[PDB]
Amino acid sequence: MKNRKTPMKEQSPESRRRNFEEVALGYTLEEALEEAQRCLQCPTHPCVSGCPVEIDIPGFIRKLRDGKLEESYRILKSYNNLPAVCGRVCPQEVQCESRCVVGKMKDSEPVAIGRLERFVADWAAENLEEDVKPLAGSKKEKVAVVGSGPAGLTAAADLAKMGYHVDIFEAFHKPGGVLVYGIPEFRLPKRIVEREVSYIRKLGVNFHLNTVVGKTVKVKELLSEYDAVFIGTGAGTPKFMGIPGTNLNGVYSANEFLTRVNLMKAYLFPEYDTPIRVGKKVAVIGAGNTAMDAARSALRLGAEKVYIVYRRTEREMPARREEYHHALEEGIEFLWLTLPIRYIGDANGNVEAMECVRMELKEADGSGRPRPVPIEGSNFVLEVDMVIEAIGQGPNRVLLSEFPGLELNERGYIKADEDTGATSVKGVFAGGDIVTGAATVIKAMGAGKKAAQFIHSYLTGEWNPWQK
């Protein structure tokens, strides 16, 4: 009666609980080919409607079936700049695979499009490469890309292919944005990010690392010396709930936790010089992927119990299903409809507890997800030696203020044309999380590709959005 996805090799739960190695190990060729056979090749291909950049899914599946693997990769790459990333991190359960027909069947799972995108992208990685020849510097004109996330990498790459001088500006010592300091190694191996950056390096894109724009170099210089500019800085500014005890030792922003853990590799100590605080009972506040990574990371650091604390339920939770399952398999505990009210510490220095309540289904939506209303008398406590806040984060409003005439939305994100990415300032484009608020990698990728195309349309004089 059932029709399931072809199972993939995964790390053993007991062994993988302690390490940061990738958990989903990837398809073998035969497993991939066996999965590719489940695709029914629907002429109307609803799957494609669930992909934000509209990848020709049955096509690359077809050429995979046929054994023409490069052709498959070529089909993928004409749409997605970062397939090995997206096939790994896309929440296909709310995207491409949620429209898949084979899942419409009773007791039947959809085609594993993501695992296949991954397989094809990975298979081509440890096998072939391309021509090392740089393409940048043919169109003589200068475009600056600020931020080296999916958006900036994508725009830069695509622009270098278009012949332009591409100079990337990055604040950190490593490029990749969230792909380097946010999402952990056990989800996204960094060999892939380094690979893609290197690829983009060989295109003649020059990276300015450890470069914080507005400080290292003034916005005015960037505007004066460059024909166009793309802003892909994301929404990385942390916010704290602001309840009492936010200032206790053991209390962290997920930004800081994950920055120490992922970028500074504080789990590798004293090999790497960055330390990380001990906690056996840690609380991670949030139910995003941020919370899940922070929790799953804290667990790997040798914590005994790890709690997810969420003001909403399992069916509102914005986390990737595969990773939530992994999280459960690794022993993460979940508190549905739970909201902290204060953190409590001891004589010397410590978090020792957290006061929480239970919520109600009353209020309808009203931003967020349906506004939970606190219930009285349900008030309780969780004993914790470490707290991590994964409640989300907002845009670098400061850097934005340094752009004159650059219009922001109600929440402070940039206003830019949905299709072209052009903003109110002349010659300045923008895309990724800095515009939409926190979304997906694929959307930052897409935003960068379109912005690049309209940078091309702009620097050739075909299309000009800025007049009096």
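Start at 1 and count along the sequence shown; that's the residue number.
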66-74 versus 421-429 - greater average Cα B-factor per the deposited record: 421-429
Entry-level comparison of average CA B-factors, 11-19 and 449-457, reporting the higher stretch: 11-19
Out of 242, 175, 374, 150, residue topping the C-alpha B-factor column of the entry: 242
Candidate set 313, 259, 396, 80 [ranked by C-alpha B-factor, highest]: 396
Ranked against its chain, the third holding the CA B-factor of residue 442: lowest
Residue 53 CA temperature factor, ranked by third within the chain: lowest
Ranked against its chain, the third holding the CA B-factor of residue 404: highest
Third of the chain's Cα B-factor distribution that residue 154 belongs to, per the entry: lowest
Residue 26 CA temperature factor, ranked by third within the chain: lowest
